[PDB]
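Single chain ahead, by itself, as structure tokens, in the form deposited in one PDB entry.
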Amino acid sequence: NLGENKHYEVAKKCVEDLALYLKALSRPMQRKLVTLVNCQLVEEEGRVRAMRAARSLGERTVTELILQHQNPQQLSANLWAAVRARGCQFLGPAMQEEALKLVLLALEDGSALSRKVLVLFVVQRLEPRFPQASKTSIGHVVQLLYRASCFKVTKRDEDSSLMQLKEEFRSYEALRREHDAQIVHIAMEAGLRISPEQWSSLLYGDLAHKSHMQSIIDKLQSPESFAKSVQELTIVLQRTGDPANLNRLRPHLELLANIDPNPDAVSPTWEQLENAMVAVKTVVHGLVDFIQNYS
């Protein structure tokens, strides 16, 4: 009858089908499934929540798919290879700390030095505590900060450019954060997904910087991250061959990535609700099919 809405029924059935996975999947997937299942599709507010819950479920699916294709043994080596490919370097937790402190010693006050003068400033003062220090190794550290936009660079006609630390990076805490963020950026760009615990170990040699690294990771997320993660997965699958044809999920993940995650977003049409619930249904089914058959 005309009192029955066909879009509503497909949406409802998709959610019911997904709810069967609760009674396996990861804890984050379970939590996000529960959130979707609790959305009341008879209300406009619950329909808005269902759209965001579907997006959230989908973004988590892509993350888990990428992690399944990622070699944990080779993770550190790939990071440092990616860092070196940009002319950058990490000299170890102790030596990097000291190096960045020596950069602050030079530029805290707003002085403008040349790259050559800045490198030597650091190498000289660093050599006693760390004899391996060199113009090359310290040049790579300065390049890391350059790539991070830490410097205001002033060109001079037919001469070496002068470099000042920007006002916002003239403390150790601010400078080290941006430095850490830049290494995270390089990892992201190379399609590496590294946990806060792993990052703390890599950059500080302890597990006492999880929260600091977690803060940096979360500040680099945007609403474009879901769409970029799908493109990333495509690159991973092209590299691996794609036995399970996870490429079939592409237009579903794209649709989910195009959902507005803001809470003050325009509420969905009935067609949009059905399409989102079918998309997320297919995507979560694809993940479970992969775990069981193509592990």
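Note that residue numbering begins at 1 and tracks the sequence as displayed.
There is another form of the same protein, the form deposited in another entry; it is not shown, and what comes next is about it.
Among the candidates 241, 158, 73, 264, the residue located at the hinge where one rigid part turns against the other between this form and the one not shown is 73. Look at residue 206 and residue 67: in the other form their Cα atoms come 3 Å or more closer than in this form. An increase of at least 3 Å in the separation of the C-alpha atoms of residue 191 and residue 61 is found in the other form, compared with the displayed form.
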